[PDB]
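Source file: protein-v2.txt; contents: compact mmCIF, C-alpha atoms (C1' of nucleotides) and all ligand atoms.
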# COMPACT_ATOMS: atom_id res chain seq x y z
CA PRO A 1 9.69 -85.03 -9.14
CA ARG A 2 12.31 -83.51 -6.71
CA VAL A 3 14.84 -82.27 -9.40
CA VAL A 4 14.72 -81.12 -13.10
CA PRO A 5 15.84 -83.63 -15.81
CA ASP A 6 18.71 -81.40 -17.18
CA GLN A 7 20.11 -80.73 -13.64
CA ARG A 8 23.65 -79.70 -14.86
CA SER A 9 22.26 -77.57 -17.79
CA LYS A 10 20.08 -75.31 -15.51
CA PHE A 11 23.05 -74.45 -13.15
CA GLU A 12 25.25 -73.50 -16.20
CA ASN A 13 22.39 -71.77 -18.19
CA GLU A 14 20.03 -69.98 -15.67
CA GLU A 15 21.11 -66.33 -14.92
CA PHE A 16 20.05 -66.98 -11.24
CA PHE A 17 22.72 -69.73 -10.60
CA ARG A 18 25.72 -68.22 -12.55
CA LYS A 19 25.15 -64.88 -10.66
CA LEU A 20 25.69 -66.89 -7.38
CA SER A 21 28.49 -69.12 -8.90
CA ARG A 22 31.04 -66.29 -8.15
CA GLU A 23 32.17 -65.41 -4.55
CA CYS A 24 29.54 -62.72 -3.60
CA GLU A 25 28.83 -60.44 -0.55
CA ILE A 26 26.79 -62.39 2.12
CA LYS A 27 25.44 -61.35 5.60
CA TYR A 28 23.54 -62.94 8.58
CA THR A 29 19.74 -62.20 8.24
CA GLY A 30 18.61 -63.71 11.62
CA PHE A 31 17.23 -61.42 14.40
CA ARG A 32 17.51 -58.03 12.54
CA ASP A 33 15.77 -56.12 15.44
CA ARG A 34 18.27 -57.30 18.19
CA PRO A 35 21.50 -55.71 19.59
CA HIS A 36 24.94 -56.53 18.00
CA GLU A 37 25.97 -58.46 21.20
CA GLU A 38 22.93 -60.87 21.09
CA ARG A 39 23.15 -61.47 17.26
CA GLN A 40 26.83 -62.62 17.66
CA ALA A 41 25.85 -65.26 20.33
CA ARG A 42 22.69 -66.56 18.47
CA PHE A 43 24.54 -66.96 15.07
CA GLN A 44 27.49 -68.89 16.67
CA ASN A 45 25.14 -71.08 18.87
CA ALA A 46 23.18 -71.90 15.62
CA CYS A 47 26.32 -72.72 13.47
CA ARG A 48 27.36 -75.36 16.10
CA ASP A 49 23.80 -76.93 16.00
CA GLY A 50 24.26 -77.01 12.16
CA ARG A 51 21.88 -74.30 10.77
CA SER A 52 21.67 -70.48 10.09
CA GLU A 53 20.01 -67.77 7.85
CA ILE A 54 22.44 -66.13 5.30
CA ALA A 55 21.58 -63.89 2.26
CA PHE A 56 23.63 -62.67 -0.79
CA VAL A 57 23.37 -58.86 -0.11
CA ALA A 58 24.27 -57.89 -3.75
CA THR A 59 21.33 -59.83 -5.38
CA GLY A 60 19.00 -60.00 -2.29
CA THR A 61 18.48 -63.83 -2.43
CA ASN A 62 17.98 -65.00 1.23
CA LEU A 63 18.59 -68.66 2.35
CA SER A 64 18.09 -70.87 5.48
CA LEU A 65 21.00 -73.41 5.58
CA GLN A 66 21.58 -76.85 7.26
CA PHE A 67 25.21 -78.17 7.61
CA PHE A 68 24.37 -81.94 7.54
CA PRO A 69 23.40 -84.79 5.11
CA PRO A 70 27.46 -81.08 14.89
CA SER A 71 29.66 -81.73 11.76
CA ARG A 72 33.36 -81.37 10.65
CA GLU A 73 33.74 -80.29 6.95
CA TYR A 74 30.32 -78.44 6.85
CA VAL A 75 30.98 -76.02 9.82
CA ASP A 76 34.74 -75.36 10.56
CA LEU A 77 35.77 -72.58 13.05
CA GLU A 78 39.55 -73.50 12.98
CA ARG A 79 40.38 -72.62 9.29
CA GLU A 80 40.71 -68.90 10.36
CA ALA A 81 40.38 -66.99 13.70
CA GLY A 82 37.31 -64.69 14.10
CA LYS A 83 35.29 -66.49 11.33
CA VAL A 84 33.72 -69.91 10.37
CA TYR A 85 33.38 -71.87 7.04
CA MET A 86 20.35 -78.47 -0.61
CA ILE A 87 17.98 -78.70 -3.68
CA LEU A 88 17.54 -75.08 -4.99
CA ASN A 89 14.91 -74.75 -7.82
CA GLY A 90 15.27 -78.55 -8.44
CA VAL A 91 19.14 -78.34 -8.69
CA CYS A 92 21.46 -80.11 -6.15
CA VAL A 93 23.93 -77.39 -4.89
CA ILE A 94 26.31 -76.72 -1.90
CA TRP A 95 32.61 -67.75 5.48
CA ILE A 96 31.18 -65.18 8.01
CA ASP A 97 33.16 -62.98 10.53
CA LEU A 98 32.24 -63.86 14.19
CA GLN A 99 32.43 -60.10 15.16
CA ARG A 100 30.94 -58.30 12.07
CA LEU A 101 28.43 -61.12 11.10
CA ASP A 102 29.32 -60.60 7.36
CA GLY A 103 31.69 -62.26 4.81
CA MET A 104 31.80 -64.12 1.43
CA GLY A 105 30.26 -67.38 0.04
CA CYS A 106 28.81 -68.93 -3.19
CA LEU A 107 26.92 -71.90 -4.79
CA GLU A 108 28.65 -74.99 -6.37
CA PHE A 109 26.84 -77.69 -8.49
CA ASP A 110 26.71 -81.03 -6.52
CA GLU A 111 27.70 -83.80 -9.05
CA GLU A 112 27.39 -86.50 -6.27
CA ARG A 113 23.68 -85.92 -5.31
CA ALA A 114 22.61 -84.88 -8.90
CA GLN A 115 23.32 -88.55 -9.97
CA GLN A 116 21.77 -90.02 -6.73
CA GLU A 117 18.56 -87.89 -7.10
CA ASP A 118 18.18 -88.37 -10.93
CA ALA A 119 18.57 -92.19 -10.40
CA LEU A 120 15.29 -92.07 -8.30
CA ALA A 121 13.22 -91.89 -11.58
CA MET B 1 14.53 -32.54 10.50
CA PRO B 2 10.93 -32.01 9.21
CA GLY B 3 9.83 -30.83 12.73
CA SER B 4 11.20 -27.36 11.70
CA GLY B 5 9.17 -26.89 8.43
CA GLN B 6 5.83 -28.74 9.11
CA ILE B 7 4.03 -28.44 12.54
CA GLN B 8 4.14 -31.54 14.89
CA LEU B 9 2.14 -32.13 18.16
CA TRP B 10 4.90 -32.17 20.88
CA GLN B 11 6.43 -29.20 18.93
CA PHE B 12 3.01 -27.37 18.90
CA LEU B 13 1.97 -28.57 22.44
CA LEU B 14 5.03 -26.93 24.11
CA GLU B 15 4.22 -23.57 22.38
CA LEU B 16 1.65 -23.50 25.25
CA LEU B 17 3.57 -24.97 28.28
CA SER B 18 6.40 -22.33 28.03
CA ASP B 19 3.81 -19.57 27.20
CA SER B 20 2.32 -18.30 30.55
CA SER B 21 -0.80 -16.87 28.73
CA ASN B 22 -2.02 -20.40 27.67
CA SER B 23 -1.84 -21.75 31.29
CA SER B 24 -5.70 -21.57 30.91
CA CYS B 25 -5.58 -24.94 28.98
CA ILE B 26 -2.37 -26.65 30.39
CA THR B 27 0.65 -26.27 32.78
CA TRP B 28 3.95 -28.04 33.69
CA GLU B 29 3.69 -30.30 36.82
CA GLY B 30 6.81 -30.12 39.06
CA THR B 31 10.63 -30.07 38.52
CA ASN B 32 10.54 -33.37 36.52
CA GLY B 33 9.15 -33.54 32.92
CA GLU B 34 5.31 -33.61 33.43
CA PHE B 35 2.22 -31.60 32.24
CA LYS B 36 -1.53 -31.19 33.12
CA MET B 37 -4.46 -30.93 30.60
CA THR B 38 -6.81 -28.10 31.85
CA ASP B 39 -9.55 -27.99 29.11
CA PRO B 40 -9.17 -31.34 27.27
CA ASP B 41 -11.62 -30.47 24.39
CA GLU B 42 -10.29 -26.84 24.02
CA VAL B 43 -6.68 -28.26 23.81
CA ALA B 44 -7.88 -30.36 20.80
CA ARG B 45 -10.04 -27.45 19.43
CA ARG B 46 -6.85 -25.32 18.86
CA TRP B 47 -4.93 -28.38 17.47
CA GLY B 48 -7.88 -28.56 15.01
CA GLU B 49 -7.62 -24.76 14.41
CA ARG B 50 -3.92 -25.25 13.34
CA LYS B 51 -4.32 -28.65 11.52
CA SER B 52 -7.36 -27.10 9.66
CA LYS B 53 -9.30 -30.05 11.24
CA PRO B 54 -12.52 -28.63 12.82
CA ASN B 55 -13.91 -32.17 13.60
CA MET B 56 -10.93 -32.70 16.04
CA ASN B 57 -11.67 -33.67 19.72
CA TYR B 58 -9.54 -35.20 22.60
CA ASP B 59 -10.09 -38.91 21.60
CA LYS B 60 -8.49 -38.04 18.17
CA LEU B 61 -5.53 -35.88 19.42
CA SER B 62 -5.02 -38.38 22.34
CA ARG B 63 -4.46 -41.49 20.10
CA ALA B 64 -1.61 -39.67 18.22
CA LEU B 65 0.08 -39.19 21.68
CA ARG B 66 -0.45 -42.92 22.53
CA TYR B 67 1.74 -43.73 19.43
CA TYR B 68 4.66 -41.70 20.98
CA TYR B 69 5.02 -44.45 23.69
CA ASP B 70 6.55 -47.15 21.38
CA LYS B 71 8.84 -44.44 19.80
CA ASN B 72 10.23 -43.08 23.17
CA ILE B 73 9.06 -39.42 22.65
CA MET B 74 6.92 -39.22 25.86
CA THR B 75 5.11 -41.52 28.42
CA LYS B 76 1.98 -41.60 30.69
CA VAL B 77 1.65 -40.68 34.41
CA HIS B 78 -0.45 -43.79 35.33
CA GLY B 79 -3.94 -43.06 36.81
CA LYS B 80 -3.72 -39.21 36.52
CA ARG B 81 -6.68 -37.78 34.44
CA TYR B 82 -4.87 -36.38 31.31
CA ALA B 83 -1.19 -36.30 32.49
CA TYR B 84 1.76 -37.57 30.32
CA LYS B 85 5.51 -36.54 30.32
CA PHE B 86 8.32 -36.07 27.71
CA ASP B 87 11.35 -38.39 27.09
CA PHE B 88 13.91 -35.66 26.12
CA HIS B 89 16.84 -38.10 26.81
CA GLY B 90 15.27 -39.82 23.70
CA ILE B 91 14.13 -36.76 21.59
CA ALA B 92 17.89 -36.07 20.93
CA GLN B 93 18.65 -39.71 19.87
CA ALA B 94 15.42 -39.21 17.79
CA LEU B 95 16.83 -35.85 16.44
CA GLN B 96 20.56 -36.97 16.36
CA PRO B 97 22.32 -40.38 16.10
CA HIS B 98 24.86 -41.69 18.74
CA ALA C 1 -7.92 -69.52 -4.65
CA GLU C 2 -5.60 -68.85 -7.70
CA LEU C 3 -1.98 -70.20 -8.10
CA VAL C 4 1.21 -68.94 -9.92
CA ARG C 5 4.56 -70.48 -11.15
CA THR C 6 7.78 -70.66 -9.02
CA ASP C 7 11.52 -71.07 -9.89
CA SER C 8 11.02 -74.67 -8.55
CA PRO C 9 8.33 -76.41 -10.70
CA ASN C 10 7.78 -78.83 -7.71
CA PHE C 11 6.07 -76.06 -5.58
CA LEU C 12 3.51 -73.22 -6.28
CA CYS C 13 2.07 -70.35 -4.13
CA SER C 14 -0.65 -67.58 -3.99
CA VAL C 15 -0.85 -64.55 -6.39
CA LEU C 16 0.63 -61.97 -3.90
CA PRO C 17 -0.59 -58.61 -5.34
CA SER C 18 1.60 -56.09 -7.29
CA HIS C 19 2.01 -53.31 -4.62
CA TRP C 20 0.78 -53.41 -0.94
CA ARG C 21 1.10 -51.36 2.34
CA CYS C 22 3.89 -51.87 4.97
CA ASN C 23 2.50 -54.54 7.42
CA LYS C 24 -1.16 -55.06 6.31
CA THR C 25 -3.56 -58.05 6.60
CA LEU C 26 -2.95 -59.56 3.07
CA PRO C 27 -6.01 -59.43 0.72
CA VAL C 28 -5.61 -63.24 0.10
CA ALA C 29 -3.77 -65.26 2.84
CA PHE C 30 -0.62 -67.12 1.61
CA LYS C 31 -1.11 -70.67 0.14
CA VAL C 32 2.07 -72.76 -0.64
CA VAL C 33 1.42 -76.05 -2.58
CA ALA C 34 3.50 -79.32 -2.58
CA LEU C 35 3.17 -81.33 -5.87
CA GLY C 36 5.85 -83.83 -4.72
CA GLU C 37 4.49 -85.75 -1.65
CA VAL C 38 5.70 -83.88 1.54
CA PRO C 39 5.02 -85.30 5.06
CA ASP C 40 1.98 -83.27 6.35
CA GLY C 41 3.72 -81.58 9.35
CA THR C 42 6.98 -80.19 7.78
CA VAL C 43 7.57 -76.43 8.52
CA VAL C 44 7.77 -73.77 5.71
CA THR C 45 9.38 -70.31 6.43
CA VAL C 46 9.88 -67.38 3.94
CA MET C 47 12.69 -64.70 3.76
CA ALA C 48 12.18 -61.41 1.81
CA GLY C 49 15.23 -60.98 -0.52
CA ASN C 50 16.12 -57.62 -2.20
CA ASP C 51 19.38 -55.70 -3.04
CA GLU C 52 17.96 -53.05 -0.58
CA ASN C 53 17.57 -54.27 3.10
CA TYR C 54 18.54 -57.85 2.00
CA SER C 55 16.30 -59.42 4.77
CA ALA C 56 13.14 -57.35 5.58
CA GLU C 57 11.15 -57.97 8.82
CA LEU C 58 8.15 -60.38 8.37
CA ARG C 59 5.34 -61.55 10.76
CA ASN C 60 3.68 -65.03 10.81
CA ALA C 61 6.64 -65.94 8.50
CA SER C 62 6.65 -69.68 9.55
CA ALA C 63 3.79 -72.12 8.68
CA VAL C 64 3.00 -75.91 8.93
CA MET C 65 2.50 -78.17 5.82
CA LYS C 66 -0.91 -80.00 6.01
CA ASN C 67 -2.63 -82.11 3.25
CA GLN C 68 0.29 -81.23 0.85
CA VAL C 69 -0.62 -77.45 1.22
CA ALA C 70 1.08 -74.99 3.69
CA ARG C 71 -1.20 -71.98 4.57
CA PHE C 72 0.24 -68.89 6.41
CA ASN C 73 -2.53 -67.77 8.87
CA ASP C 74 -1.70 -64.11 7.93
CA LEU C 75 1.82 -63.31 6.60
CA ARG C 76 2.68 -59.54 6.81
CA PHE C 77 5.54 -57.56 5.12
CA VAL C 78 7.09 -54.92 7.50
CA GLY C 79 10.55 -54.14 5.96
CA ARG C 80 10.00 -52.02 2.78
CA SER C 81 11.45 -53.01 -0.69
CA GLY C 82 11.82 -49.36 -1.88
CA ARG C 83 10.90 -47.26 -4.98
CA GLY C 84 10.13 -49.56 -7.99
CA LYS C 85 12.02 -52.45 -6.27
CA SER C 86 10.25 -55.71 -5.18
CA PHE C 87 11.27 -58.79 -3.07
CA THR C 88 12.74 -62.01 -4.57
CA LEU C 89 11.39 -63.78 -1.41
CA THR C 90 12.95 -67.21 -0.55
CA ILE C 91 10.70 -70.21 0.40
CA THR C 92 12.28 -72.91 2.70
CA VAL C 93 10.82 -76.45 3.36
CA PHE C 94 12.45 -77.94 6.55
CA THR C 95 13.29 -81.58 5.48
CA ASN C 96 16.45 -83.82 5.10
CA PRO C 97 17.71 -82.15 3.02
CA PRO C 98 15.59 -78.94 2.73
CA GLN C 99 14.39 -77.54 -0.68
CA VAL C 100 13.80 -73.86 -1.75
CA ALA C 101 11.86 -72.13 -4.59
CA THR C 102 12.94 -68.46 -5.21
CA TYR C 103 10.22 -65.99 -6.40
CA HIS C 104 11.43 -62.81 -8.26
CA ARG C 105 9.19 -59.65 -8.61
CA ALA C 106 6.92 -61.02 -5.78
CA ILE C 107 5.48 -57.78 -4.21
CA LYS C 108 6.35 -54.02 -3.86
CA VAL C 109 6.35 -53.03 -0.10
CA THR C 110 5.87 -49.25 0.59
CA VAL C 111 4.28 -47.32 3.54
CA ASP C 112 1.24 -46.67 1.22
CA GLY C 113 -1.00 -49.29 -0.42
CA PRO C 114 -1.43 -47.74 -3.90
CA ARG C 115 -4.02 -44.86 -3.60
CA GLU C 116 -5.65 -42.80 -6.43
CA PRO C 117 -3.02 -40.03 -6.81
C1' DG D 1 5.55 -35.95 -10.37
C1' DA D 2 4.30 -40.50 -9.01
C1' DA D 3 6.13 -42.84 -5.82
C1' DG D 4 8.07 -43.27 -0.99
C1' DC D 5 8.06 -41.36 2.90
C1' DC D 6 6.01 -39.01 6.82
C1' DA D 7 3.23 -37.87 11.33
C1' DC D 8 -1.40 -37.78 12.54
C1' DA D 9 -6.79 -38.58 11.27
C1' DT D 10 -10.46 -41.18 11.96
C1' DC D 11 -12.29 -45.34 13.77
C1' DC D 12 -14.18 -48.69 16.44
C1' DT D 13 -12.35 -52.29 20.17
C1' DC D 14 -11.83 -54.00 24.49
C1' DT D 15 -10.67 -54.09 29.59
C1' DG D 16 -9.14 -52.44 33.98
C1' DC E 1 -14.76 -43.83 30.70
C1' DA E 2 -10.16 -43.31 30.15
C1' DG E 3 -6.38 -45.45 28.27
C1' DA E 4 -3.48 -48.74 25.00
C1' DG E 5 -3.94 -50.07 20.44
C1' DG E 6 -4.93 -52.65 15.83
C1' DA E 7 -6.60 -51.12 11.19
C1' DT E 8 -6.74 -47.89 7.33
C1' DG E 9 -7.56 -43.72 4.88
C1' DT E 10 -5.10 -38.56 4.50
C1' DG E 11 -2.37 -34.78 3.45
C1' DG E 12 1.86 -32.36 3.55
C1' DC E 13 6.47 -33.19 2.37
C1' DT E 14 11.33 -35.15 0.32
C1' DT E 15 13.10 -38.29 -3.72
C1' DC E 16 13.80 -39.99 -7.38
MG MG A 201 -10.12 -53.33 14.89
Could I get this file's structure written as C-alpha cells?
Amino acid sequence: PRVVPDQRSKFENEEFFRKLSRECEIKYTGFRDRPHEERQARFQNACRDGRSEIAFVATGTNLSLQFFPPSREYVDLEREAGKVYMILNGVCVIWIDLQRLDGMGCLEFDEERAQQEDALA
Amino acid sequence: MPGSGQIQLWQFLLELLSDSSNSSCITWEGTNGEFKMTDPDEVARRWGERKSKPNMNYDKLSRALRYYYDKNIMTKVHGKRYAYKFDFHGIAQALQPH
Amino acid sequence: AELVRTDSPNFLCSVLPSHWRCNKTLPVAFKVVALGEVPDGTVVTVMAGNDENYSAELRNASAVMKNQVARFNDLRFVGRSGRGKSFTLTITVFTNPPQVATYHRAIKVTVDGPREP
DNA sequence: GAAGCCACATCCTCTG
DNA sequence: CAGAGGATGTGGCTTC
C-alpha cells in the first residue's frame, strides 16, 4: 500500500502532523557549507526548476520538496517582493525570503489526492 | 580561548622561535612568516617532555601540524626539509570573529 | 541484517546504533527497504532533522534503489545533534510524487563514540 | 559528573 | 623518506 486506510484520522490524531499544521519557523537546508551569496542563487535557481530542501527549524523535521503534480500556483514570486510562495508517512499533504533564506510554512491535508489514492485499493 | 589555560603546539612552538637560547633546535627564516627545524627528533623530545608523552617523535608531532592546513593556522614551504609557516591573518579570525 | 519500524509502514531501514562518533564509518551500512514496488533505479536521499542545527552535514547521503532495497555505500553523520538530543532524520524517495518516512530518536551524534568513562 | 567538546596521540597508508 | 591524510583511541577541559 502507498497510504494508510484512515488517511484523514492520522493527520488529525498524530502529534507529528498537528505540530506542523500551524504556521512554523522554516529555513533553507541546501548547501550549508557555502557563502551567503551562492546559497541565494542556488535556492532561487532550484525554486524555478520546481524543487528545494526546507526544514521546520522549531521541530527539526527536514524535507525535500517538488512543486509539480516550471509551475504557477506551486511556486509564485509575485505575491510579495523579496520572497516566494507529497505522501508523508502514508498521508497525502501539501514562503521564504530571497535575501535571508528563511520564512514561514506548514502542512495541509490533501482531500483531493486522499480520495484518488485510497480508490487504488 | 583555551589556548591560554592548556598548552597548544603553535603556542608552545613559538616559546622557542622568539627565545634566542633555543635557536639550537629551530629559527625564524626571513622577514616573512617562516621557520626552520634544526634537530627534528629533539624538537619532538621536548614536546613529549611537556605533554608527558615520552614515546613522542617527529612523525607524531608532525601529523598534528598537517591538520593545521585545513584550519588555516599555518602552511608548508614546499620541498624544504622541515619548513612550514604561520597564517596569522587567520589566527585572529580563529581567535576573534569578523 | 536487522530491520526496524518507520513512521511510514510502507518503508523500513537499518538499526542505526544509539550513540556514534562525528563522521565515522557506520558499524552496519544503511539499508532502506521498499515494501510497495518501487522502480529499481529511483534515488533516495536523507536529511538529519533536529531542533539544534536543523540540517546537519552528511556524506554519501544519496543512494540508488535496486531490487526494492536502497543501500548507502557508507553514510556518515558530520553535524552533531548535541547533549542528549538525537536526529529525526527525513528519508526522501524521488518519484512522481515523492514519499517520505520520518524517523524520530534515530542516532545521537557527538565528537566521541561512547567510551568507558 | 557524564556527556560534549577539544586539540593532539598513535597508527599505518600511499605516492611523488 | 618526507609529506598529506584517513581512521580511531586519549586526556584535559567546559557544560550541562
Ligand atoms: Mg587507513
Protein and nucleic acid residues within 8 Å of ligand MG 201 (chain A) (all atoms listed in the file) as an NGL selection string: (:D and (12-13)) or (:E and (6-7))
Give me the residues within 12 Å of residue 14 (chain A) as an MDAnalysis selection string, counting all atoms listed in the file and dropping any in the same chain fewer than 6 places off. (chainID A and resid 6:8 20:21 89 91) or (chainID C and resid 7)
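The gap separating CA of residue 108 (chain A) from CA of residue 93 (chain A) is 5.5 Å, in Å to one decimal.
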What's around residue 34 (chain B) at 7 Å? Count all atoms listed in the file, leave out sequence neighbours fewer than 4 positions away in its own chain, and write the answer as a ChimeraX atom specification. /B:28-30,84-86
Please provide as a list in words all residues within 9 Å of region 65-69 of chain C, with the sequence filter that same-chain residues fewer than 5 positions apart are discarded (counting only C-alpha atoms (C1' of nucleotides)). residues 31, 32, 33, 34, 35, 36, 37, 38, 39, 40, 41, 42, 43, 44 and 93 of chain C
Would you put the residues from that selection into a file with C-alpha atoms, as a tab-separated table (two decimals), in the frame of the given file?
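What landed in selection35.tsv:
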chain	number	residue	atom	x	y	z
C	31	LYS	CA	-1.11	-70.67	0.14
C	32	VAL	CA	2.07	-72.76	-0.64
C	33	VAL	CA	1.42	-76.05	-2.58
C	34	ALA	CA	3.50	-79.32	-2.58
C	35	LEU	CA	3.17	-81.33	-5.87
C	36	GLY	CA	5.85	-83.83	-4.72
C	37	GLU	CA	4.49	-85.75	-1.65
C	38	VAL	CA	5.70	-83.88	1.54
C	39	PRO	CA	5.02	-85.30	5.06
C	40	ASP	CA	1.98	-83.27	6.35
C	41	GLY	CA	3.72	-81.58	9.35
C	42	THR	CA	6.98	-80.19	7.78
C	43	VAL	CA	7.57	-76.43	8.52
C	44	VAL	CA	7.77	-73.77	5.71
C	93	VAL	CA	10.82	-76.45	3.36
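The shortest atom-to-atom distance to residue 113 (chain C), with only C-alpha atoms taken into account, belongs to C:25 out of C:14, C:6, C:25, C:60.
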Compute the set of chain D residues within 8 Å of chain B, using only C-alpha atoms (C1' of nucleotides), and express it as a VMD selection string. chain D and resid 7 to 10
Between CA of residue 58 (chain C) and CA of residue 13 (chain C), distance in Å (one decimal): 17.1 Å
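Across the model, the gap from CA of residue 52 (chain A) to CA of residue 65 (chain A) is 5.4 Å.
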How close does chain D get to chain C? List, as CSV, each residue of chain D within 12 Å, its nearest atom pair and the distance in Å to one decimal, counting only C-alpha atoms (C1' of nucleotides).
residue,atom,partner,partner_atom,distance
D:1,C1',C:117,CA,10.1
D:2,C1',C:117,CA,7.7
D:3,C1',C:83,CA,6.6
D:4,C1',C:83,CA,6.3
D:5,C1',C:111,CA,7.1
D:6,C1',C:111,CA,9.1
Restrict the calculation to only C-alpha atoms (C1' of nucleotides), then for each residue of chain E with any atom at most 8 Å from an atom of chain B give the closest atom pair and their distance in Å to one decimal, rows by chain and rising residue number, as a tab-separated table.
residue	atom	partner	partner_atom	distance
E:2	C1'	B:81	CA	7.8
E:4	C1'	B:66	CA	7.0
E:12	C1'	B:6	CA	7.7
Using all atoms listed in the file and a cut-off of 9 Å, which residues of chain C sit close to chain A? Please list them as a ChimeraX atom specification. /C:6-10,35-36,45-57,87-92,96-102
Using only C-alpha atoms (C1' of nucleotides), can you list as a VMD selection string the residues within 10 Å of (28.2, -65.8, 15.7)? chain A and resid 28 37 to 48 52 82 to 84 96 to 102
Kindly compute an axis-aligned box around the listed atoms of region 104-112 of chain A, allowing 4 Å on each side, and express its centre and edge lengths in Å to one decimal as AutoDock Vina command-line options.
--center_x 29.3 --center_y -75.3 --center_z -3.8 --size_x 13.1 --size_y 30.4 --size_z 18.5
Final N, CA, C and O atoms of region 84-96 of chain C as a PDB file, in the frame of the given file:
ATOM      1  N   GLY C  84      10.079 -48.704  -6.788  1.00  0.00           N
ATOM      2  CA  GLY C  84      10.130 -49.560  -7.990  1.00  0.00           C
ATOM      3  C   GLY C  84      10.549 -50.982  -7.673  1.00  0.00           C
ATOM      4  O   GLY C  84      10.088 -51.902  -8.378  1.00  0.00           O
ATOM      5  N   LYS C  85      11.389 -51.158  -6.647  1.00  0.00           N
ATOM      6  CA  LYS C  85      12.020 -52.450  -6.270  1.00  0.00           C
ATOM      7  C   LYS C  85      10.999 -53.341  -5.566  1.00  0.00           C
ATOM      8  O   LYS C  85      10.120 -52.797  -4.870  1.00  0.00           O
ATOM      9  N   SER C  86      11.122 -54.658  -5.757  1.00  0.00           N
ATOM     10  CA  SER C  86      10.250 -55.710  -5.180  1.00  0.00           C
ATOM     11  C   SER C  86      11.116 -56.851  -4.638  1.00  0.00           C
ATOM     12  O   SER C  86      12.289 -56.947  -5.051  1.00  0.00           O
ATOM     13  N   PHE C  87      10.556 -57.680  -3.751  1.00  0.00           N
ATOM     14  CA  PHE C  87      11.270 -58.790  -3.070  1.00  0.00           C
ATOM     15  C   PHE C  87      11.339 -60.012  -3.992  1.00  0.00           C
ATOM     16  O   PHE C  87      10.324 -60.351  -4.624  1.00  0.00           O
ATOM     17  N   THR C  88      12.519 -60.630  -4.067  1.00  0.00           N
ATOM     18  CA  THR C  88      12.740 -62.010  -4.570  1.00  0.00           C
ATOM     19  C   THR C  88      12.722 -62.929  -3.339  1.00  0.00           C
ATOM     20  O   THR C  88      13.796 -63.441  -2.963  1.00  0.00           O
ATOM     21  N   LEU C  89      11.550 -63.082  -2.715  1.00  0.00           N
ATOM     22  CA  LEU C  89      11.390 -63.780  -1.410  1.00  0.00           C
ATOM     23  C   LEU C  89      11.727 -65.261  -1.572  1.00  0.00           C
ATOM     24  O   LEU C  89      11.321 -65.867  -2.588  1.00  0.00           O
ATOM     25  N   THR C  90      12.465 -65.803  -0.600  1.00  0.00           N
ATOM     26  CA  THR C  90      12.950 -67.210  -0.550  1.00  0.00           C
ATOM     27  C   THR C  90      11.937 -68.042   0.241  1.00  0.00           C
ATOM     28  O   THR C  90      11.395 -67.517   1.229  1.00  0.00           O
ATOM     29  N   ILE C  91      11.717 -69.290  -0.180  1.00  0.00           N
ATOM     30  CA  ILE C  91      10.700 -70.210   0.400  1.00  0.00           C
ATOM     31  C   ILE C  91      11.390 -71.524   0.804  1.00  0.00           C
ATOM     32  O   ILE C  91      11.686 -72.335  -0.089  1.00  0.00           O
ATOM     33  N   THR C  92      11.626 -71.710   2.106  1.00  0.00           N
ATOM     34  CA  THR C  92      12.280 -72.910   2.700  1.00  0.00           C
ATOM     35  C   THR C  92      11.229 -73.994   2.959  1.00  0.00           C
ATOM     36  O   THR C  92      10.049 -73.640   3.132  1.00  0.00           O
ATOM     37  N   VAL C  93      11.654 -75.262   2.977  1.00  0.00           N
ATOM     38  CA  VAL C  93      10.820 -76.450   3.360  1.00  0.00           C
ATOM     39  C   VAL C  93      11.687 -77.382   4.215  1.00  0.00           C
ATOM     40  O   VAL C  93      12.402 -78.224   3.634  1.00  0.00           O
ATOM     41  N   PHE C  94      11.609 -77.235   5.545  1.00  0.00           N
ATOM     42  CA  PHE C  94      12.450 -77.940   6.550  1.00  0.00           C
ATOM     43  C   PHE C  94      12.285 -79.459   6.408  1.00  0.00           C
ATOM     44  O   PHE C  94      11.314 -80.015   6.960  1.00  0.00           O
ATOM     45  N   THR C  95      13.207 -80.103   5.680  1.00  0.00           N
ATOM     46  CA  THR C  95      13.290 -81.580   5.480  1.00  0.00           C
ATOM     47  C   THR C  95      14.766 -82.006   5.512  1.00  0.00           C
ATOM     48  O   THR C  95      15.602 -81.167   5.901  1.00  0.00           O
ATOM     49  N   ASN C  96      15.072 -83.259   5.144  1.00  0.00           N
ATOM     50  CA  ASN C  96      16.450 -83.820   5.100  1.00  0.00           C
ATOM     51  C   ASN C  96      16.743 -84.344   3.688  1.00  0.00           C
ATOM     52  O   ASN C  96      16.387 -85.477   3.373  1.00  0.00           O
TER      53      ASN C  96
END
